[PDB]
Each structure stands twice: as structure tokens, then as C-alpha cells.
Amino acid sequence: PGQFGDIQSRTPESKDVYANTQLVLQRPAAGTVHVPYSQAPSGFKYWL
Amino acid sequence: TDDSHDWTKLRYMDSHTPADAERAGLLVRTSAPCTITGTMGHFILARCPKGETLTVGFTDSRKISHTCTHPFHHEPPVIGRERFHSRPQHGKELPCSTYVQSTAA
Amino acid sequence: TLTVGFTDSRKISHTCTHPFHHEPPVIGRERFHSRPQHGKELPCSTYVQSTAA
Amino acid sequence: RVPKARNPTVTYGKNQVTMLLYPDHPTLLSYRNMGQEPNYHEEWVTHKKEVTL
Amino acid sequence: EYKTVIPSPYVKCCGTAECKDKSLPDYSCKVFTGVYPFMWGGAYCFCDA
Amino acid sequence: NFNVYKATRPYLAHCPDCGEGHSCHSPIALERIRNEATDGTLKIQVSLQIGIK
């Protein structure tokens with residue numbers, strides 16, 4: 001989790017994808033009609 | 001100049017003459033231009049970004065912009081433990097202290 | 001942050017404000033500000049102005 | 001309404017714990033013991049950092 | 001770089017919805033109770049609890 | 001050229017900061033924000049549509 005290769009593919013056209021990110025949902029509140037979730041940290045955008 | 005209650009005009013002195021201008025004439029900034037909420041009497045209430053200075057201006061009936069600045073360093077204090085960004089979807093309900101819009105205190 | 005806004009036909013502007021940590025990814029080995037006249041050529045990636053996709 | 005923080009990833013070692021943690025905005029961290037002493041400690045953090053405890 | 005996609009969330013008032021298990025890349029589902037949406041005309045539903 | 005938006009209409013949505021400190025339903029609530037290009041360009045997904053009458 002939280003590393004480049006959290007998501008993985010064998011080709012640029014492989015539809016089969018490996019993922020390890022833990023998009024863990026959270027509780028929405030009164031009026032807050034949306035979906036609250038644990039953000040998956042990227043691999044690239046800090047690995048850059 | 002006749003003790004009015006309008007949301008258009010505003011008094012300013014000129015050589016023993018109260019003259020009128022518009023609320024769109026005034027403008028406030030510290031780094032970016034602020035946003036204006038409370039307009040009454042001698043008193044103007046805004047919310048404004050992270051401040052080094054303050055600048056206030058308005059424009060004349062002769063359209064000459066009188067705009068002058070005041071030295072004051074503005075930092076909003078933090079609430080909680082997080083030097084945060086703006087008000088998000090996820091909020092925990094932590095106490096704070098704000099002015100209200102009661103025009104007669 | 002980020003603000004996007006316009007004015008309606010009722011002459012009442014809306015301005016929505018979203019917290020978004022914009023950070024420019026630094027290109028090359030120089031942490032410059034704006035591309036001047038005297039520059040080299042490095043690979044980078046942008047968006048084209050096409051419509052169909 | 002104050003923001004909450006994103007839950008960090010965490011794993012364990014034999015009688016210790018490694019916590020890899022992801023901020024976006026400058027955010028505090030603190031920890032203590034529940035014994036007779038607190039051994040209280042704290043750090044500011046701004047970047048995606050790991051810690052051992 | 002990945003891409004987190006959620007659709008619009010399902011709402012079951014005067015009822016209690018439940019998931020459907022499906023081999024998705026990091027399938028994550030949850031039903032929440034006691035919620036109360038707000039929209040144009042107040043609550044989207046009629047009852048509350 | 002460019003006739004694909006003949007079944008669209010805007011998407012009134014709860015923007016958390018509509019000015020004013022507190023939140024409101026704006027027709028200009030941002031929904032998705034992409035910046036994956038290395039050249040600092042922000043691709044903004046907004047509710048409403050442009051150009052088409």
C-alpha cells in the first residue's frame with residue numbers, strides 16, 4: 001500500500017489489473033449526500 | 001445625506017460635503033481581494049486570505065479611485081491540530097467564535 | 001485552493017471553492033518559474049486541443 | 001467544521017510498530033505511553049513519512 | 001497511476017439495501033443506516049430513522 | 001463535428017464552500033479534478049456545459 005506498483009499490469013493493454021490500495025469507505029453525515037472514503041495514496045505522485 | 005437605509009449608497013466627506021458612492025466602489029485586499037459580508041455604519045466585515053498588509057479603496061463620484069493601505073499582519077489561527085486548507089466535506093464539529101449579522105448590537 | 005465562478009442571468013455570481021493541493025511537478029533540474037526565450041528541450045506531457053476522444 | 005485526516009497504513013514488528021503516513025497539509029502527530037510516565041512526544045509532519053515506534 | 005471510480009450511491013428509504021458480491025478491483029461496499037440526505041426540497045425521502 | 005451532447009443537462013450539487021463560509025447547492029460544484037499531465041495543466045470536471053445552447 002502507498003507505493004508505485006500498488007496497481008499493476010502486465011501489458012499496457014492488460015484488462016486484468018492487480019490492486020492494493022484499501023479504498024475504505026467512511027460514514028456520511030446528515031445532508032452530506034456523497035461517498036466518504038479512505039483515500040488511497042498514490043505511488044507515482046510522490047514517487048516523482 | 002438624508003438618513004437613509006438603502007443597500008446602494010455610502011457617505012464620504014469632501015470639503016464640508018457628505019457625498020455618496022456605491023458598495024461596488026469599495027474593495028479590500030491583503031494578498032488577494034477579500035470577500036464582503038457585513039456592511040453597516042462605520043463598520044465593514046470581511047473574510048480574507050493570509051495577510052501581510054491591508055488595502056481599502058473606493059471610487060469617487062468623479063470616478064477617481066481613492067485607495068490607501070494600512071500596515072497590519074493577518075494570520076488566521078488554526079483550529080485543531082491541522083494547518084488546514086479550506087472547509088472540506090469531512091468536518092468535525094469543533095468550537096469557534098464568529099461575528100453575527102445583527103445590525104443593532 | 002481552487003475557485004471557479006461565473007455570473008448567472010440573475011446577475012448573481014456563484015463561486016465554488018475546493019481544497020486542492022496544486023503543486024507543480026518540477027521539470028528538469030532547475031526549479032524555475034516561467035519558460036524564457038533561451039531554453040533546451042526535454043520530454044514532457046500535456047493536453048491537446050482536440051474534441052473527439 | 002474542521003478537516004479530518006486520512007488513515008495511514010500500518011504494520012507491526014516484534015514488540016514494535018511501523019506506521020507509514022500520508023499528509024497533504026501540515027499536520028501534527030503525537031504519541032504517549034499509559035504507564036506511570038507518559039514519555040510524551042510529538043512531531044509536526046508535512047510529507048509522506050514513515051515512523052517507527 | 002490508478003483511478004478511483006465510485007458511481008452515484010444507492011438510497012433505500014423505507015427499506016434497507018444490501019450489497020452484491022462481485023469480483024471487482026478492490027471491491028468495497030457498505031450500507032449505512034440512520035443517514036439523512038438533503039437536496040433542493042429538503043430530505044430526499046419522507047421518513048427519517 | 002461535435003454533436004454528442006444532445007442529451008445533457010446540468011447537475012446541481014452541494015458545493016462545500018460557495019463563498020459565505022458555509023455550504024450550498026451550486027450549479028458549479030466541481031466533481032473530479034485531474035492534473036496528470038506533467039505540464040501543470042488542470043483538467044477540471046465541472047457540472048454545467050458550455051457552448052451548446
# chains A, B, ... in the order shown; residues from 1 in each chain; ligands from 1
call {"tool": "interface_residues", "arguments": {"of": "chain A", "to": "chain D", "cutoff": "8 Å", "atoms": "only C-alpha atoms", "output": "MDAnalysis selection string"}}
result
chainID A and resid 1:2 38:39 41 46
call {"tool": "select_by_dssp", "arguments": {"residues": "chain C", "states": "strand (DSSP E or B)", "output": "list in words"}}
result
residues 2, 3, 4, 5, 6, 7, 13, 14, 15, 16, 17 and 18 of chain C
call {"tool": "write_last_selection", "arguments": {"atoms": "C-alpha atoms", "output": "PDB file, in the first residue's frame"}}
result
ATOM      1  CA  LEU C   2      -9.172  26.415  -6.181  1.00  0.00           C
ATOM      2  CA  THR C   3     -12.079  28.712  -7.025  1.00  0.00           C
ATOM      3  CA  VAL C   4     -14.338  28.548 -10.062  1.00  0.00           C
ATOM      4  CA  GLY C   5     -17.085  31.084 -10.589  1.00  0.00           C
ATOM      5  CA  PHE C   6     -19.317  32.951 -13.006  1.00  0.00           C
ATOM      6  CA  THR C   7     -22.399  35.193 -13.013  1.00  0.00           C
ATOM      7  CA  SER C  13     -22.301  35.171  -9.239  1.00  0.00           C
ATOM      8  CA  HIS C  14     -21.622  31.722  -7.898  1.00  0.00           C
ATOM      9  CA  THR C  15     -18.087  30.904  -6.781  1.00  0.00           C
ATOM     10  CA  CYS C  16     -17.395  27.352  -5.636  1.00  0.00           C
ATOM     11  CA  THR C  17     -14.181  26.710  -3.715  1.00  0.00           C
ATOM     12  CA  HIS C  18     -12.487  23.352  -3.451  1.00  0.00           C
TER      13      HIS C  18
END
call {"tool": "residues_around", "arguments": {"residues": "stretch 8-16 of chain F", "least_positions_apart": "3", "cutoff": "10 Å", "atoms": "only C-alpha atoms", "output": "PDB file with N, CA, C and O atoms, in the first residue's frame"}}
result
ATOM      1  N   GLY A  31     -27.435  15.246   5.581  1.00  0.00           N
ATOM      2  CA  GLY A  31     -27.353  16.151   4.457  1.00  0.00           C
ATOM      3  C   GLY A  31     -26.195  15.896   3.524  1.00  0.00           C
ATOM      4  O   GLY A  31     -26.308  16.180   2.324  1.00  0.00           O
ATOM      5  N   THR A  32     -25.096  15.337   4.029  1.00  0.00           N
ATOM      6  CA  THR A  32     -23.883  15.104   3.253  1.00  0.00           C
ATOM      7  C   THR A  32     -24.122  13.915   2.330  1.00  0.00           C
ATOM      8  O   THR A  32     -23.659  12.796   2.561  1.00  0.00           O
ATOM      9  N   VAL A  33     -24.870  14.165   1.261  1.00  0.00           N
ATOM     10  CA  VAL A  33     -25.146  13.115   0.293  1.00  0.00           C
ATOM     11  C   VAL A  33     -23.955  12.981  -0.656  1.00  0.00           C
ATOM     12  O   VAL A  33     -23.803  13.731  -1.630  1.00  0.00           O
ATOM     13  N   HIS A  34     -23.072  12.042  -0.333  1.00  0.00           N
ATOM     14  CA  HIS A  34     -21.855  11.762  -1.086  1.00  0.00           C
ATOM     15  C   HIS A  34     -21.314  10.429  -0.598  1.00  0.00           C
ATOM     16  O   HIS A  34     -21.987   9.701   0.138  1.00  0.00           O
TER      17      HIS A  34
ATOM     18  N   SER B  86      -8.948  24.577   3.449  1.00  0.00           N
ATOM     19  CA  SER B  86     -10.217  25.298   3.434  1.00  0.00           C
ATOM     20  C   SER B  86     -11.235  24.365   4.082  1.00  0.00           C
ATOM     21  O   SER B  86     -10.858  23.321   4.622  1.00  0.00           O
ATOM     22  N   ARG B  87     -12.518  24.720   4.032  1.00  0.00           N
ATOM     23  CA  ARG B  87     -13.512  23.910   4.722  1.00  0.00           C
ATOM     24  C   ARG B  87     -13.952  22.749   3.848  1.00  0.00           C
ATOM     25  O   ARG B  87     -14.569  22.979   2.798  1.00  0.00           O
ATOM     26  N   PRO B  88     -13.664  21.494   4.233  1.00  0.00           N
ATOM     27  CA  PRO B  88     -13.975  20.351   3.368  1.00  0.00           C
ATOM     28  C   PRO B  88     -15.298  19.665   3.679  1.00  0.00           C
ATOM     29  O   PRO B  88     -16.055  20.102   4.552  1.00  0.00           O
ATOM     30  N   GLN B  89     -15.571  18.583   2.939  1.00  0.00           N
ATOM     31  CA  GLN B  89     -16.730  17.731   3.189  1.00  0.00           C
ATOM     32  C   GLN B  89     -16.694  17.109   4.578  1.00  0.00           C
ATOM     33  O   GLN B  89     -17.704  17.119   5.286  1.00  0.00           O
ATOM     34  N   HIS B  90     -15.552  16.563   4.979  1.00  0.00           N
ATOM     35  CA  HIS B  90     -15.373  15.974   6.303  1.00  0.00           C
ATOM     36  C   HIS B  90     -15.108  17.094   7.295  1.00  0.00           C
ATOM     37  O   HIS B  90     -14.039  17.699   7.303  1.00  0.00           O
TER      38      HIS B  90
ATOM     39  N   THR C  15     -19.506  31.226  -6.863  1.00  0.00           N
ATOM     40  CA  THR C  15     -18.087  30.904  -6.781  1.00  0.00           C
ATOM     41  C   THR C  15     -17.963  29.698  -5.862  1.00  0.00           C
ATOM     42  O   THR C  15     -18.159  29.815  -4.652  1.00  0.00           O
ATOM     43  N   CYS C  16     -17.642  28.546  -6.426  1.00  0.00           N
ATOM     44  CA  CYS C  16     -17.395  27.352  -5.636  1.00  0.00           C
ATOM     45  C   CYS C  16     -15.901  27.245  -5.380  1.00  0.00           C
ATOM     46  O   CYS C  16     -15.088  27.622  -6.234  1.00  0.00           O
ATOM     47  N   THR C  17     -15.550  26.742  -4.203  1.00  0.00           N
ATOM     48  CA  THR C  17     -14.181  26.710  -3.715  1.00  0.00           C
ATOM     49  C   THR C  17     -13.855  25.322  -3.193  1.00  0.00           C
ATOM     50  O   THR C  17     -14.501  24.828  -2.268  1.00  0.00           O
ATOM     51  N   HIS C  18     -12.838  24.712  -3.776  1.00  0.00           N
ATOM     52  CA  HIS C  18     -12.487  23.352  -3.451  1.00  0.00           C
ATOM     53  C   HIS C  18     -11.056  23.327  -2.936  1.00  0.00           C
ATOM     54  O   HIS C  18     -10.162  23.956  -3.540  1.00  0.00           O
ATOM     55  N   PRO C  19     -10.794  22.646  -1.824  1.00  0.00           N
ATOM     56  CA  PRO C  19      -9.410  22.465  -1.375  1.00  0.00           C
ATOM     57  C   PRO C  19      -8.694  21.492  -2.294  1.00  0.00           C
ATOM     58  O   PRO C  19      -9.092  20.336  -2.427  1.00  0.00           O
TER      59      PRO C  19
ATOM     60  N   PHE E  38     -29.975  15.624   2.075  1.00  0.00           N
ATOM     61  CA  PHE E  38     -30.602  16.914   1.852  1.00  0.00           C
ATOM     62  C   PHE E  38     -30.319  17.359   0.430  1.00  0.00           C
ATOM     63  O   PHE E  38     -29.239  17.107  -0.109  1.00  0.00           O
ATOM     64  N   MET E  39     -31.297  18.024  -0.167  1.00  0.00           N
ATOM     65  CA  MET E  39     -31.250  18.412  -1.564  1.00  0.00           C
ATOM     66  C   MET E  39     -32.026  19.711  -1.710  1.00  0.00           C
ATOM     67  O   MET E  39     -32.101  20.503  -0.763  1.00  0.00           O
ATOM     68  N   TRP E  40     -32.495  19.969  -2.935  1.00  0.00           N
ATOM     69  CA  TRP E  40     -33.412  21.067  -3.234  1.00  0.00           C
ATOM     70  C   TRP E  40     -34.575  21.139  -2.252  1.00  0.00           C
ATOM     71  O   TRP E  40     -34.709  22.104  -1.494  1.00  0.00           O
TER      72      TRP E  40
ATOM     73  N   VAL F   4     -22.589  15.437 -29.705  1.00  0.00           N
ATOM     74  CA  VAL F   4     -22.597  14.290 -28.808  1.00  0.00           C
ATOM     75  C   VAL F   4     -23.315  14.667 -27.522  1.00  0.00           C
ATOM     76  O   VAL F   4     -23.702  13.798 -26.734  1.00  0.00           O
ATOM     77  N   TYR F   5     -23.500  15.967 -27.305  1.00  0.00           N
ATOM     78  CA  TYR F   5     -24.087  16.475 -26.072  1.00  0.00           C
ATOM     79  C   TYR F   5     -25.554  16.833 -26.229  1.00  0.00           C
ATOM     80  O   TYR F   5     -26.034  17.773 -25.582  1.00  0.00           O
ATOM     81  N   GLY F  19     -18.463  30.542  -1.261  1.00  0.00           N
ATOM     82  CA  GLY F  19     -18.271  31.766  -0.519  1.00  0.00           C
ATOM     83  C   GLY F  19     -18.867  31.552   0.854  1.00  0.00           C
ATOM     84  O   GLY F  19     -19.003  30.413   1.315  1.00  0.00           O
ATOM     85  N   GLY F  21     -18.481  31.176   3.848  1.00  0.00           N
ATOM     86  CA  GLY F  21     -18.115  30.217   4.864  1.00  0.00           C
ATOM     87  C   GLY F  21     -18.828  28.889   4.720  1.00  0.00           C
ATOM     88  O   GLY F  21     -18.187  27.862   4.480  1.00  0.00           O
ATOM     89  N   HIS F  22     -20.150  28.890   4.858  1.00  0.00           N
ATOM     90  CA  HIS F  22     -20.910  27.649   4.880  1.00  0.00           C
ATOM     91  C   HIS F  22     -21.221  27.190   3.455  1.00  0.00           C
ATOM     92  O   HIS F  22     -20.837  27.823   2.469  1.00  0.00           O
ATOM     93  N   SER F  23     -21.930  26.069   3.339  1.00  0.00           N
ATOM     94  CA  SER F  23     -22.067  25.320   2.100  1.00  0.00           C
ATOM     95  C   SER F  23     -23.398  25.630   1.438  1.00  0.00           C
ATOM     96  O   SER F  23     -24.329  26.125   2.077  1.00  0.00           O
ATOM     97  N   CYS F  24     -23.493  25.298   0.148  1.00  0.00           N
ATOM     98  CA  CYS F  24     -24.758  25.466  -0.560  1.00  0.00           C
ATOM     99  C   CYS F  24     -24.765  24.605  -1.812  1.00  0.00           C
ATOM    100  O   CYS F  24     -23.725  24.140  -2.272  1.00  0.00           O
ATOM    101  N   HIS F  25     -25.961  24.413  -2.362  1.00  0.00           N
ATOM    102  CA  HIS F  25     -26.137  23.700  -3.625  1.00  0.00           C
ATOM    103  C   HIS F  25     -25.850  24.662  -4.766  1.00  0.00           C
ATOM    104  O   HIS F  25     -26.646  25.546  -5.078  1.00  0.00           O
ATOM    105  N   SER F  26     -24.702  24.492  -5.394  1.00  0.00           N
ATOM    106  CA  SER F  26     -24.386  25.320  -6.545  1.00  0.00           C
ATOM    107  C   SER F  26     -24.532  24.520  -7.832  1.00  0.00           C
ATOM    108  O   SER F  26     -24.379  23.294  -7.833  1.00  0.00           O
ATOM    109  N   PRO F  27     -24.831  25.187  -8.949  1.00  0.00           N
ATOM    110  CA  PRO F  27     -24.735  24.514 -10.252  1.00  0.00           C
ATOM    111  C   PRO F  27     -23.315  24.398 -10.783  1.00  0.00           C
ATOM    112  O   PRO F  27     -23.127  23.881 -11.892  1.00  0.00           O
ATOM    113  N   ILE F  28     -22.318  24.877 -10.042  1.00  0.00           N
ATOM    114  CA  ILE F  28     -20.911  24.844 -10.431  1.00  0.00           C
ATOM    115  C   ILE F  28     -20.083  24.103  -9.385  1.00  0.00           C
ATOM    116  O   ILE F  28     -18.966  24.512  -9.056  1.00  0.00           O
ATOM    117  N   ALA F  29     -20.637  23.059  -8.789  1.00  0.00           N
ATOM    118  CA  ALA F  29     -19.830  22.237  -7.905  1.00  0.00           C
ATOM    119  C   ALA F  29     -18.883  21.376  -8.727  1.00  0.00           C
ATOM    120  O   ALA F  29     -19.310  20.658  -9.637  1.00  0.00           O
ATOM    121  N   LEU F  30     -17.594  21.484  -8.421  1.00  0.00           N
ATOM    122  CA  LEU F  30     -16.592  20.627  -9.032  1.00  0.00           C
ATOM    123  C   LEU F  30     -16.839  19.186  -8.622  1.00  0.00           C
ATOM    124  O   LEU F  30     -17.347  18.912  -7.534  1.00  0.00           O
ATOM    125  N   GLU F  31     -16.509  18.252  -9.510  1.00  0.00           N
ATOM    126  CA  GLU F  31     -16.731  16.851  -9.193  1.00  0.00           C
ATOM    127  C   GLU F  31     -15.453  16.029  -9.251  1.00  0.00           C
ATOM    128  O   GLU F  31     -15.141  15.294  -8.311  1.00  0.00           O
ATOM    129  N   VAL F  46     -16.480  19.888 -14.214  1.00  0.00           N
ATOM    130  CA  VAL F  46     -17.453  20.733 -13.577  1.00  0.00           C
ATOM    131  C   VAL F  46     -18.818  20.134 -13.891  1.00  0.00           C
ATOM    132  O   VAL F  46     -18.932  19.164 -14.641  1.00  0.00           O
ATOM    133  N   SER F  47     -19.870  20.681 -13.285  1.00  0.00           N
ATOM    134  CA  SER F  47     -21.216  20.207 -13.578  1.00  0.00           C
ATOM    135  C   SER F  47     -21.679  20.660 -14.958  1.00  0.00           C
ATOM    136  O   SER F  47     -21.806  19.844 -15.876  1.00  0.00           O
ATOM    137  N   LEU F  48     -21.855  21.969 -15.146  1.00  0.00           N
ATOM    138  CA  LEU F  48     -22.605  22.504 -16.280  1.00  0.00           C
ATOM    139  C   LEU F  48     -21.848  22.314 -17.593  1.00  0.00           C
ATOM    140  O   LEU F  48     -20.688  21.901 -17.628  1.00  0.00           O
ATOM    141  N   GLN F  49     -22.517  22.636 -18.692  1.00  0.00           N
ATOM    142  CA  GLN F  49     -21.923  22.503 -20.009  1.00  0.00           C
ATOM    143  C   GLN F  49     -21.899  23.853 -20.712  1.00  0.00           C
ATOM    144  O   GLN F  49     -22.652  24.773 -20.376  1.00  0.00           O
ATOM    145  N   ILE F  52     -22.939  24.631 -26.116  1.00  0.00           N
ATOM    146  CA  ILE F  52     -24.226  24.145 -26.586  1.00  0.00           C
ATOM    147  C   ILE F  52     -25.328  24.975 -25.948  1.00  0.00           C
ATOM    148  O   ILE F  52     -25.365  25.147 -24.724  1.00  0.00           O
TER     149      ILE F  52
END
call {"tool": "closest_residue", "arguments": {"among": "F:36, F:18, F:44, F:50", "to": "chain B", "atoms": "only C-alpha atoms"}}
result
F:18
call {"tool": "residues_around", "arguments": {"residues": "residue A:47", "least_positions_apart": "5", "cutoff": "9 Å", "atoms": "only C-alpha atoms", "output": "list in words"}}
result
residues 3, 4 and 42 of chain A
call {"tool": "write_last_selection", "arguments": {"atoms": "N, CA, C and O atoms", "output": "compact mmCIF listing (two decimals), in the first residue's frame"}}
result
# COMPACT_ATOMS: atom_id res chain seq x y z
N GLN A 3 2.63 2.81 -2.62
CA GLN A 3 3.89 2.56 -3.30
C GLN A 3 3.60 2.34 -4.78
O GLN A 3 2.54 1.83 -5.13
N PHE A 4 4.53 2.73 -5.65
CA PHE A 4 4.31 2.59 -7.08
C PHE A 4 4.33 1.11 -7.45
O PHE A 4 5.30 0.39 -7.23
N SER A 42 -1.23 7.66 -3.70
CA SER A 42 -0.69 7.25 -4.98
C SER A 42 0.66 6.55 -4.83
O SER A 42 1.23 6.45 -3.74
call {"tool": "residues_around", "arguments": {"residues": "stretch 35-48 of chain C", "least_positions_apart": "5", "cutoff": "12 Å", "atoms": "only C-alpha atoms", "output": "list in words"}}
result
residues 25, 26, 27, 28, 29, 30 and 53 of chain C; 34, 35, 36, 37, 38, 39, 40, 41, 42 and 43 of chain F
call {"tool": "residues_around", "arguments": {"residues": "stretch 9-12 of chain E", "least_positions_apart": "4", "cutoff": "10 Å", "atoms": "only C-alpha atoms", "output": "CSV table (one decimal) with C-alpha atoms, in the first residue's frame"}}
result
chain,number,residue,atom,x,y,z
A,33,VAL,CA,-25.1,13.1,0.3
A,34,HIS,CA,-21.9,11.8,-1.1
A,35,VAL,CA,-19.5,8.9,-0.6
E,16,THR,CA,-32.7,-1.4,4.0
E,17,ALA,CA,-30.5,-2.1,1.0
E,18,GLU,CA,-27.7,-4.7,0.9
E,31,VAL,CA,-24.7,0.0,3.7
E,32,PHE,CA,-25.2,2.9,6.2
E,33,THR,CA,-28.2,3.4,8.4
E,35,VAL,CA,-28.4,8.8,7.4
E,37,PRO,CA,-29.8,13.3,2.8
E,44,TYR,CA,-34.9,13.3,-0.5
E,45,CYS,CA,-37.0,10.8,1.4
call {"tool": "residues_around", "arguments": {"residues": "residue B:71", "least_positions_apart": "2", "cutoff": "7 Å", "atoms": "only C-alpha atoms", "output": "list in words"}}
result
residues 53, 54, 69 and 73 of chain B
call {"tool": "decode", "arguments": {"residues": "chain F", "atoms": "C-alpha atoms", "output": "mmCIF file, in the first residue's frame"}}
result
data_model
loop_
_atom_site.group_PDB
_atom_site.id
_atom_site.type_symbol
_atom_site.label_atom_id
_atom_site.label_comp_id
_atom_site.auth_asym_id
_atom_site.auth_seq_id
_atom_site.Cartn_x
_atom_site.Cartn_y
_atom_site.Cartn_z
ATOM 1 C CA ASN F 1 -18.371 17.949 -35.826
ATOM 2 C CA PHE F 2 -19.243 17.834 -32.124
ATOM 3 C CA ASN F 3 -22.798 16.605 -31.811
ATOM 4 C CA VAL F 4 -22.597 14.290 -28.808
ATOM 5 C CA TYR F 5 -24.087 16.475 -26.072
ATOM 6 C CA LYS F 6 -27.688 16.411 -27.290
ATOM 7 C CA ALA F 7 -28.886 14.511 -24.195
ATOM 8 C CA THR F 8 -27.233 16.529 -21.422
ATOM 9 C CA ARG F 9 -28.332 18.969 -18.722
ATOM 10 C CA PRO F 10 -26.597 20.418 -15.631
ATOM 11 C CA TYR F 11 -26.099 18.836 -12.261
ATOM 12 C CA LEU F 12 -26.993 20.977 -9.178
ATOM 13 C CA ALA F 13 -24.694 19.756 -6.439
ATOM 14 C CA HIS F 14 -23.707 20.572 -2.878
ATOM 15 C CA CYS F 15 -20.548 22.653 -3.062
ATOM 16 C CA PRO F 16 -18.931 22.878 0.398
ATOM 17 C CA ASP F 17 -17.672 26.466 0.054
ATOM 18 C CA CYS F 18 -19.913 28.759 -2.004
ATOM 19 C CA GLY F 19 -18.271 31.766 -0.519
ATOM 20 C CA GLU F 20 -20.015 32.743 2.737
ATOM 21 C CA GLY F 21 -18.115 30.217 4.864
ATOM 22 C CA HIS F 22 -20.910 27.649 4.880
ATOM 23 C CA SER F 23 -22.067 25.320 2.100
ATOM 24 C CA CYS F 24 -24.758 25.466 -0.560
ATOM 25 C CA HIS F 25 -26.137 23.700 -3.625
ATOM 26 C CA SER F 26 -24.386 25.320 -6.545
ATOM 27 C CA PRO F 27 -24.735 24.514 -10.252
ATOM 28 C CA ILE F 28 -20.911 24.844 -10.431
ATOM 29 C CA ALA F 29 -19.830 22.237 -7.905
ATOM 30 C CA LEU F 30 -16.592 20.627 -9.032
ATOM 31 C CA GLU F 31 -16.731 16.851 -9.193
ATOM 32 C CA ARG F 32 -13.456 15.403 -10.463
ATOM 33 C CA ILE F 33 -10.081 17.078 -10.831
ATOM 34 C CA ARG F 34 -7.253 15.734 -12.974
ATOM 35 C CA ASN F 35 -3.725 17.073 -13.230
ATOM 36 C CA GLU F 36 -1.892 14.006 -14.562
ATOM 37 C CA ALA F 37 -0.081 15.950 -17.278
ATOM 38 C CA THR F 38 3.408 16.963 -16.205
ATOM 39 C CA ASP F 39 2.925 20.494 -17.563
ATOM 40 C CA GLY F 40 0.913 21.921 -14.673
ATOM 41 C CA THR F 41 -2.362 21.958 -16.584
ATOM 42 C CA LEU F 42 -5.534 21.390 -14.593
ATOM 43 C CA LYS F 43 -8.311 19.391 -16.235
ATOM 44 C CA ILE F 44 -11.448 20.355 -14.325
ATOM 45 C CA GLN F 45 -14.663 18.327 -14.395
ATOM 46 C CA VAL F 46 -17.453 20.733 -13.577
ATOM 47 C CA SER F 47 -21.216 20.207 -13.578
ATOM 48 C CA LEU F 48 -22.605 22.504 -16.280
ATOM 49 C CA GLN F 49 -21.923 22.503 -20.009
ATOM 50 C CA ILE F 50 -20.681 25.216 -22.348
ATOM 51 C CA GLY F 51 -21.106 26.196 -25.974
ATOM 52 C CA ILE F 52 -24.226 24.145 -26.586
ATOM 53 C CA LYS F 53 -27.399 26.200 -26.268
#
